[PDB]
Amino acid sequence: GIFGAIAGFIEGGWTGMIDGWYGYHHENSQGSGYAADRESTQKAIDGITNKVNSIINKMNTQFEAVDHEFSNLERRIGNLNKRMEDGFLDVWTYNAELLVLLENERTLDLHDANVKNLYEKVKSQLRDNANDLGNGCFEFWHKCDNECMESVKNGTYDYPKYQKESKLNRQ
């Protein structure tokens, strides 16, 4: 992937995270658990749902072939009709097959980027207070209970609240 996250520095997915596309695994004194980031998941669902519907909506016309016949002395127009019908059949097949390959490539990049941005979002909050292991995991230099975990996930993490405790353990 061009953003380097999915099947990249985060090597695999989580079968244990069943309620969304992107999310977190946390681990503290109260234990372990998965949780989807609903906001980035929902936003992605909305974008991709929009892409699918937009494609369907643009492919919502049909070229119509006919059962019309042609005599032995209408070989020219008979073949004109045939080449025309085969003509449009070829452009629409091209349009559909090419669009799908192009869109699939960009859809997968989108997810890759979203996972990447979620990781950055967390790194930016922790800064000093946690150690980045290079695999999407952050080890805290302090105690992070359930509310501390939840603060990281809703983007309200309190860096200065934990920096003294972190700095002590870090150094």
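From 1 onward, residues are counted along the sequence shown.
Legend: mean Cα B-factor per stretch from the PDB entry, 97-105 versus 67-75; the higher mean is in 67-75. Comparing 128-136 with 46-54, the stretch with the higher mean C-alpha B-factor in the PDB entry is 128-136. As recorded in the entry, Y159 carries the highest CA temperature factor of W14, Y22, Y159, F9. Sort the modelled residues of the chain by CA B factor and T41 lands in the lowest third. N114: CA B factor lies in the lowest third for its chain, per the PDB record.
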